[PDB]
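Going down the list, the sequences are from chains A and B. Residues 178 to 392 in the working numbering are what the first sequence lists, from first letter to last. Residues 6 to 220 in the working numbering are what the second sequence lists, from first letter to last. The structure appears below as structure tokens.
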Amino acid sequence: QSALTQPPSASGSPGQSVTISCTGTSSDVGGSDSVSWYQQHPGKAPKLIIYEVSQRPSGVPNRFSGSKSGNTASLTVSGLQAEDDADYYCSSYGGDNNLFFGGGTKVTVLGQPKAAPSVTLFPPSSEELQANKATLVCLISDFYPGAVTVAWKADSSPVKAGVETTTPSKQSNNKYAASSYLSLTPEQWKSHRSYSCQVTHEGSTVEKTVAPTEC
Amino acid sequence: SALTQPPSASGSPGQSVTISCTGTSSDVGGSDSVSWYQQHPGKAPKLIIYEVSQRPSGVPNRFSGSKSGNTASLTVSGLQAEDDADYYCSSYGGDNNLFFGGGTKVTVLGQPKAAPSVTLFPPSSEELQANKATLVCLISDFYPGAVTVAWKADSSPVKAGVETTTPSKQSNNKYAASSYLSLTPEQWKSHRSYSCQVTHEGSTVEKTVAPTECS
Ligand SMILES: C[C@H](CNNc1ccc(S(N)(=O)=O)cc1[N+](=O)[O-])c1ccccc1
Numbered sequence: 178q179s180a181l182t183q184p185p186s187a188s189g190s191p192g193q194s195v196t197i198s199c200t201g202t203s204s205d206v207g208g209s210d211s212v213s214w215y216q217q218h219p220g221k222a223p224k225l226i227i228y229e230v231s232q233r234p235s236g237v238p239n240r241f242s243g244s245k246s247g248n249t250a251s252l253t254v255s256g257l258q259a260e261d262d263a264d265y266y267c268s269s270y271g272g273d274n275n276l277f278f279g280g281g282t283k284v285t286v287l288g289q290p291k292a293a294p295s296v297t298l299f300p301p302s303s304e305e306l307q308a309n310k311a312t313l314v315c316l317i318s319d320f321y322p323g324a325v326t327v328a329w330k331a332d333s334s335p336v337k338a339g340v341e342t343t344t345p346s347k348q349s350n351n352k353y354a355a356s357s358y359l360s361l362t363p364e365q366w367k368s369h370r371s372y373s374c375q376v377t378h379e380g381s382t383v384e385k386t387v388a389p390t391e392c
Numbered sequence: 006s007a008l009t010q011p012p013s014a015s016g017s018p019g020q021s022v023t024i025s026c027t028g029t030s031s032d033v034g035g036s037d038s039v040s041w042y043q044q045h046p047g048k049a050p051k052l053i054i055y056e057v058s059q060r061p062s063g064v065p066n067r068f069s070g071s072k073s074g075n076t077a078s079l080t081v082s083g084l085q086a087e088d089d090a091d092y093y094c095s096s097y098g099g100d101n102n103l104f105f106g107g108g109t110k111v112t113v114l115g116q117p118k119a120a121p122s123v124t125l126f127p128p129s130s131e132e133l134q135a136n137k138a139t140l141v142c143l144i145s146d147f148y149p150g151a152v153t154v155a156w157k158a159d160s161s162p163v164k165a166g167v168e169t170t171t172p173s174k175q176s177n178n179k180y181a182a183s184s185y186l187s188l189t190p191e192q193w194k195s196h197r198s199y200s201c202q203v204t205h206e207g208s209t210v211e212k213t214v215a216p217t218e219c220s
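Structure follows, in structure tokens:
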């Protein structure tokens with residue numbers, strides 16, 4: 178139950194280098210050339226970025242480089258990009274079929290670019306209307322940082338009920354996505370002239386409006 | 006994933022769960038080099054099985070590993086709260102290369118199971134007139150909070166332009182997420198349909214939409 182030692186955190190702006198260290202003992206990190214490094218985005222499977230102390234697998238940029246000096250392994254990430262913001266784990270085989278893991282280093286990429294959300298409002302789908310439902314979805318994507326507020330309107334009035342908004346999650350483009358959904362009945366949908374989704378990000382507001390279709 | 010694991014497995018306190026890890030004759034079926042790792046999310050993983058069946062010091066005998074042909078299995082018997090985690094399998098191959106499974110989210114049920122409500126929205130008029138044909142597949146009201154989403158163009162898997170949000174717990178204590186497929190109007194208009202397949206607790210639901218003559 179013995180952890181390799183890693184600093185809990187480390188940070189750099191885009192284009193900077195960060196080095197993170199992985200301290201063992203002579204019977205693990207010092208005792209052989211079996212040091213691995215893993216990159217993991219929160220809620221994602223890890224990726225192997227270094228094995229055998231220094232070797233990069235296919236598809237890992239030469240920006241990632243691994244080294245070892247006595248009982249300490251080091252990973253250097255040069256030319257920091259948004260995608261490098263993640264948890265980094267080291268591991269070493271020891272004696273006795275043991276695999277040791279470090280506690281993980283959270284690498285923060287400081288000063289990532291602010292981005293306003295792309296907002297798309299979807300009226301109810303023909304299929305859910307046939308199933309006596311008229312849920313609307315407001316898709317909020319491509320935003321940074323990962324905090325928004327949503328209000329809905331029925332015609333010009335605030336909608337106080339039937340609103341859910343998902344916790345924004347970081348997507349493959351390193352920007353946040355969330356959905357807000359309004360669970361209306363077909364009657365509520367058809368009785369109003371429009372519904373609107375208002376999205377606030379960094380004190381800037383985007384509203385979209387949909388209306389019962391004429392098709 | 007190079008090795009195939011089920012995305013999810015579940016049971017209540019005291020139940021058993023068996024999770025599979027399938028490869029080829031040249032990795033899983035080729036030698037006794039299957040390892041299992043347990044990760045509590047945002048914490049260091051832990052080796053819990055090596056050489057198919059071997060438990061590291063201080064891993065309890067609730068955990069057993071076996072292998073038949075090209076499929077290894079981890080059994081966790083008498084599930085306790087702390088067994089709630091992601092489980093990864095690995096196997097060496099021919100080049101003494103190391104192969105990884107996709108990971109299995111094992112939930113110890115803290116509430117009743119609930120199948121997702123899935124709604125597939127075709128492109129809105131506003132986004133179409135702005136030369137985007139993003140589809141959104143809304144997935145709500147599910148427990149456990151683990152889901153996998155595949156998209157089809159006609160009957161062909163599509164990988165590019167798929168984004169799925171990390172399931173978040175909503176006000177009714179159940180999970181919600183959305184997958185969005187960022188099509189171009191040409192992609193959308195030139196195919197007979199697109200489908201969203203949602204897998205939860207080993208059961209899959211499909212929704213299909215096709216272009217219309219009016220939005
Ligand atoms: C020891 C494991 C590592 N697992 N590795 C792994 C798992 C899944 C995938 S896959 N098939 O692409 O989904 C790929 C890999 N990989 O190494 O490339 C661990 C380390 C750190 C934190 C958590 C877990």
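Where is the CB? At the ideal position from N, CA and C, for every residue including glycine.
* Looking at B/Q44 and ligand 1, is the gap between the Cβ and the nearest heavy atom below 7 Å? -> Your numbering for residue 44 of chain B matches position 39 in the second sequence. Flag set: Cβ of B/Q44 near ligand 1.
* Given a cut-off of 8 Å, decide if B/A151 and residue 2 of chain B are closer than it, judged by their beta-carbon atoms. => The displayed coordinates of chain B run from 6 to 220. Any statement about residue 2 of chain B would go beyond what the structure contains.
* **Contact with chain B by A/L361, beta-carbon distance below 8 Å** => Start at 1 with the first residue of the first sequence, and residue 361 of chain A comes out as number 184. It does not: the Cβ of A/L361 has no partner Cβ on chain B nearer than 8 Å.
* Asked: Near A/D264, which residues of its chain fall below 6 Å by C-beta distance, leaving aside the five closest residues on each side in sequence?
  -> Locating residue 264 of chain A in the first sequence gives position 87, counting from the first residue. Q217, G281, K283, listed in sequence order.
* **Residues of its chain near B/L8, where Cβ-Cβ distance is below 8 Å and the 5 sequence neighbours each way are ignored** => The residue you call residue 8 of chain B lines up with position 3 of the second sequence. These residues qualify, in order along the chain: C26, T27, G28, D32, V33, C94, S95, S96, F104, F105, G106, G107.
* With 8 Å as the C-beta to C-beta threshold (strictly closer), list the residues of the stretch 307 to 336 of chain A near chain B in chain order. => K310, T312, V314, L316, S318
* **chain B contact for A/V387 (CB, 8 Å cutoff)** => Working through the first sequence from its first residue, we reach residue 387 of chain A at position 210. Yes, A/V387 lies at the interface with chain B (some Cβ there is under 8 Å from its Cβ).
* In chain order, what residues of the stretch 43 to 72 of chain B put their CB closer than 9 Å to some CB of chain A? -> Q44, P46, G47, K48, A49, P50, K51, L52, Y55, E56, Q59, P61, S62, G63
* Closer than 7 Å by C-beta to A/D332: which residues in its own chain qualify, once you throw out the five before and the five after it? Chain order, please. => Position 155 of the first sequence, counted from the first residue, corresponds to residue 332 of chain A. So the qualifying residues of the chain are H369, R370, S371.
* Asked: Residue range of the beta strand (DSSP E) that B/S40 falls in?
  -> The residue you call residue 40 of chain B lines up with position 35 of the second sequence. Counting along the chain, the beta strand (DSSP E) containing B/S40 begins and ends at 39 to 44.
* Hey, is A/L225 close to ligand 1, as in C-beta under 7 Å from one of its heavy atoms? -> Locating residue 225 of chain A in the first sequence gives position 48, counting from the first residue. Indeed, a heavy atom of ligand 1 lies less than 7 Å from the Cβ.
* Would you mind giving the Cβ-Cβ distance between residue 222 of chain B and A/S302, rounded to the nearest angstrom? I have them listed as a contact below 8 Å. => In the structure as shown, chain B begins at 6 and stops at 220. Residue 222 of chain B is therefore absent and cannot be evaluated.
* **Proximity test, B/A155 beta-carbon vs ligand 1 heavy atom, cut-off 7 Å** => As a working mapping, residue 155 of chain B is identified with position 150 in the second sequence. B/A155: no, Cβ never under 7 Å from ligand 1.
* Would you grab the beta carbon distance between B/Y148 and B/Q175 for me? Rounded to a whole angstrom, and I think it's under 8 Å. => In the second sequence, counting from the first residue as 1, residue 148 of chain B sits at position 143. In the second sequence, counting from the first residue as 1, residue 175 of chain B sits at position 170. Not quite, the Cβ-Cβ distance comes to about 11 Å (not below 8 Å), so this is no contact.
* Asked: So is the beta-carbon of B/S6 under 7 Å away from any non-hydrogen atom of ligand 1?
  -> For the purposes of this step, residue 6 of chain B is identified with residue 1 of the second sequence, where counting begins at 1. Checking every heavy atom of ligand 1 against the Cβ of B/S6, one is found closer than 7 Å.
* Opening and closing residue of the beta strand (DSSP E) in which B/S145 lies -> For this step, residue 145 of chain B is matched to residue 140 along the second sequence. From DSSP, the beta strand (DSSP E) with B/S145 extends over 140 to 147.
* To do: Could you tell me whether any non-hydrogen atom of ligand 1 is closer than 7 Å to the CB of A/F277?
  => Mapped onto the first sequence, residue 277 of chain A falls at position 100. A/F277 Cβ: outside cutoff for every heavy atom of ligand 1.
* **One or two residues paired with B/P162 in a DSSP bridge** => For the purposes of this step, residue 162 of chain B is taken as the residue at position 157 of the second sequence. B/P162 pairs with B/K157.
* To do: Consult DSSP for B/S130 and reduce its assignment to one of helix, strand or coil.
  => Within the second sequence, numbered from 1, the residue matching residue 130 of chain B stands at position 125. Three-state result, B/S130: helix.
* Beta-carbon proximity check, A/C374 vs A/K385, cutoff 8 Å -> Position 197 of the first sequence, counted from the start, is the residue given in the question as residue 374 of chain A. Position 208 of the first sequence, counted from the start, is the residue given in the question as residue 385 of chain A. Yes, the pair counts as a contact, with Cβ atoms nearer than the cut-off.
* Could you tell me if A/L257 is buried or exposed, where buried requires 16 or more neighbouring beta carbons within 10 angstroms of its beta carbon? => Locating residue 257 of chain A in the first sequence gives position 80, counting from the first residue. It counts as buried.
* To do: For A/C199, decide whether its Cβ has a neighbour in chain B, counting only Cβ atoms nearer than 8 Å.
  => In the first sequence, the residue the question calls residue 199 of chain A occupies position 22. So, not an interface residue.
* Within-8 Å CB hit, A/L257 to chain B -> The residue labelled residue 257 of chain A in the question sits at position 80 within the first sequence. No, no contact with chain B.
* When you check each C-beta in the stretch 290 to 302 of chain A against every C-beta of chain D, which residues fall closer than 9 Å? -> The structure shown contains no chain D; the protein chains it does contain are A and B.
* To do: Would you check whether ligand 1 has a heavy atom nearer than 7 Å to the C-beta of B/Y93?
  => Residue numbering aside, residue 93 of chain B sits at position 88 when the second sequence is read from its first letter. B/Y93 Cβ: within cutoff of ligand 1.
* To do: Mind checking who A/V195 pairs with in its DSSP beta bridge?
  => Here residue 195 of chain A corresponds to residue number 18 of the first sequence, with the count starting at 1. Paired residues: A/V254.
* Which residue's Cα is closest to the Cα of A/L298: A/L316, A/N239, A/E379? -> The residue given as residue 298 of chain A occupies position 121 in the first sequence. The option with the nearest alpha carbon to A/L298 is A/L316.
* In chain B, which residues lie less than 8 Å from A/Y265 when you measure between Cβ atoms? -> The count along the first sequence starts at 1 and reaches residue 265 of chain A at position 88. Those within 8 Å of A/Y265 in chain B number zero; the least Cβ separation is about 11 Å.
* Asked: Name the chain A residues that come within less than 8 Å of B/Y185, Cβ to Cβ?
  -> Start at 1 with the first residue of the second sequence, and residue 185 of chain B comes out as number 180. Near B/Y185 (Cβ distances below 8 Å), the residues of chain A are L316, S318, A354.
* Asked: To which residues does DSSP link B/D91 through a beta bridge?
  -> As a working mapping, residue 91 of chain B is identified with position 86 in the second sequence. According to DSSP, B/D91 bridges with B/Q44, B/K110.
* To do: Would you verify that the beta carbon of residue 135 of chain A is, or is not, closer than 8 Å to some beta carbon of chain B?
  => Since the first residue of chain A shown is 178 and the last is 392, residue 135 of chain A is not available in this structure.
* Asked: For A/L359, which beta-bridge partners are listed by DSSP?
  -> Against the first sequence, residue 359 of chain A aligns to sequence position 182. DSSP, once it has assigned bridges, lists A/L313, A/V340 as partnering A/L359.
* Asked: Mind pulling the chain A residues with CB within less than 8 Å of B/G107?
  -> For the purposes of this step, residue 107 of chain B is identified with residue 102 of the second sequence, where counting begins at 1. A222, listed in chain order.
* Asked: Given that a residue counts as buried once 16 or more other Cβ atoms are within 10 Å of its Cβ, and exposed if not, what is B/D37?
  -> In the second sequence, the residue the question calls residue 37 of chain B occupies position 32. Under this definition B/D37 is an exposed residue.
* Just by C-beta distance, which residues in the stretch 336 to 347 of chain A are closer than 7 Å to chain B? -> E341, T343, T344, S346
* Under 8 Å between beta-carbons, which chain B residues line up against A/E305? List them in chain order, please. => As a position in the first sequence, residue 305 of chain A is number 128, starting the count at 1. What A/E305 touches in chain B: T124.
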